[PDB]
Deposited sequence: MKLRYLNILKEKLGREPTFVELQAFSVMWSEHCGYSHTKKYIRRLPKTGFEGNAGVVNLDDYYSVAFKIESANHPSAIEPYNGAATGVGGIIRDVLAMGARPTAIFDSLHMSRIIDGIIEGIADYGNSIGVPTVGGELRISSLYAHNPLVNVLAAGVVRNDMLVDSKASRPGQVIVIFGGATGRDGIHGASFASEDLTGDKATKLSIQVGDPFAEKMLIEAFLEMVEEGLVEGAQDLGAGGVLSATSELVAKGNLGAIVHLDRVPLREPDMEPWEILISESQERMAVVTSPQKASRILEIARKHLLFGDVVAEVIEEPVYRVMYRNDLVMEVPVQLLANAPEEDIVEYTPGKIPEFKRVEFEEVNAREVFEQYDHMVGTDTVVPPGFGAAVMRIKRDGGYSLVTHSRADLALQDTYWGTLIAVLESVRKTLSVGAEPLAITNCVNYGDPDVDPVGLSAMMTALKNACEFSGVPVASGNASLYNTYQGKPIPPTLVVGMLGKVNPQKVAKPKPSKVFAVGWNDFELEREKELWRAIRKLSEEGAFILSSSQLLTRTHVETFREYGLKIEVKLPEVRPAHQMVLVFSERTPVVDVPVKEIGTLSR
């Protein structure tokens, strides 16, 4: 913030006001700023609402609740959920499935329950997830939450102001002195509320309220529209009435959404909200002038170029060149049979999928012959040994899982979980390049993502962990389910980037022929066995010895697979 303060000062041509420093403290903070990752992200291929069938689109995104969680496992995680759901809800999509990618040194119930309760409380199933246990995350639990929803392409909500005159409504829970705990009940009302507003063609644009609260929502909603905004802090319904404009402006009270609309629609927006027991008012006004004038009645609180707020100081970036794929070695993440713990908290117990998520990619259908896959994958264990390849391979194995389910990879929502970038700007680059190159190799673009840097315990950084939330397309009727069959190991014990595509081609043919397929580092895990039992199936196999980063999958079929990849009957699935 030292360099920044200067910069902010040079840009202000003067000395920052309390509110100014207060505001830019948020907007430029790495969390809302992305100073170390912005340029790395602009480099990634893109497209977070991915179309699905020219009629439906799935809005999905991943988010981390790291620091919060490290403090308040329960609240942190839950808050991350709440927030990520709004990000999706704001896209005008009805949140249909939560996914989490937990990375901890142990089974921290707080996080599991926090995630679980919230989702249940708002009625959004916690379909799938991922759980990685490593002492290496002792003081830095990586709580990544991904959410997905469905949205008719003709109901897609623009995520920004796009016309002077439009006004921004802030509704949902009230604003109080928070971050300057939220309930799913208000969140659920928020979803029902916002969704109703969408259904009525009232929401012309929107943005959820999280980091930066009212400041980030408004400044961004318009900044994204290359417009301005006159924000009236006094119009924000508060919980604590004595709050100061700056408190009202940067407050991060939860369960709050900003709705861009036409003055004429604001009324219903408020009616719809209120009848849903939420509070809201027309807080801002989208103006053509690119200024961000925060007001509290006729009191000018703050006025700055919206764009200055929007664009934080961008750190340079170093080009990273990757070397020979390492001969990865044992970096054990003691797998926990924490299936009893999830049961106790009703977590990831989402039985409403085309096929149990415990088999890899969670499949959801939006129609009889239509549906989408979703997977959250990461290879921290590998990324620890080599940031690039590990990170890259994590993307490739996600493509496998997606393929293994018969789903064609559509997009990637991803979360960068890194330590201090100023110290190790390399790992950050390696991580981003791997992803960049990974998307380029796979051809799968990046729809959106989250970045969490400075994850370190007294010097030590958390393992470079890029969680990959991969969206895939799939016809449910064409999704293979477990059945007594022969189990074959298909692929290789080791990894050679290039031949990855021949493995995919293979997964594709087999999957196409209806074969069942698992793509796991362990080939088969307790969950896989667990889940098979749910089908009343016994998995007896001579699991091939495999490398950490390998290119082998488990194919279950009657007939022996016939592909251009090593095939070996390794056992059977029966009874």
| property | result |
| --- | --- |
| Sequence ranges absent from the coordinates, based on the deposited chain and numbered from 1 | 1, 49-54, 188-208 |
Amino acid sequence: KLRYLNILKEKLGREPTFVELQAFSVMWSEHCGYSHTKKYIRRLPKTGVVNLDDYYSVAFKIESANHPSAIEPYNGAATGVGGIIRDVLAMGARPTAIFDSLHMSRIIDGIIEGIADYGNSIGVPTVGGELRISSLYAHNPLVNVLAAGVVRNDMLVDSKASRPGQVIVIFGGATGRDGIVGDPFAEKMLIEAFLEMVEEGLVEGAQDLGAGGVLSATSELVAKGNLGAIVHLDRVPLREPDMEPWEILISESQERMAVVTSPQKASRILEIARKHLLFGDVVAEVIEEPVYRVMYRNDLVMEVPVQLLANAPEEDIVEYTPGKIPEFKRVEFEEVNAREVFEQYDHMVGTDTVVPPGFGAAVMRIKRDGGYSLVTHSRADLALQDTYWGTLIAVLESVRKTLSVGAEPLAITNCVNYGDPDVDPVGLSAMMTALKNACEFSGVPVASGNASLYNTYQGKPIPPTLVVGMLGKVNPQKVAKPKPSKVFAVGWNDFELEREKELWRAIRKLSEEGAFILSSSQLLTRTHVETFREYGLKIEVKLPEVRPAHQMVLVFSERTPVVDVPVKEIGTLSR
From here on, numbers count along this sequence of modelled residues.
{"property": "Between the two ranges 164-172 and 335-343, the one averaging a larger CA B factor in the entry", "result": "335-343"}
{"property": "Residue range whose averaged C-alpha B-factor is higher in the record, 499-507 or 356-364", "result": "356-364"}
{"property": "Per the PDB entry, maximal CA B factor within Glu512, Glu530, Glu63, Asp54", "result": "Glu530"}
{"property": "Which of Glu247, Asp420, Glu440, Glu220 ranks first by CA B-factor in the deposited coordinates", "result": "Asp420"}
{"property": "Ranked against its chain, the third holding the CA B-factor of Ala23", "result": "middle"}
{"property": "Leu146 by Cα B-factor - lowest, middle or highest third of the modelled chain", "result": "lowest"}
{"property": "Third of chain Cα B-factors occupied by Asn475", "result": "middle"}
{"property": "Where the record places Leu523 (Cα B-factor, split into thirds across the chain)", "result": "middle"}
{"property": "Chain thirds of CA B-factor: placement of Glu315", "result": "highest"}
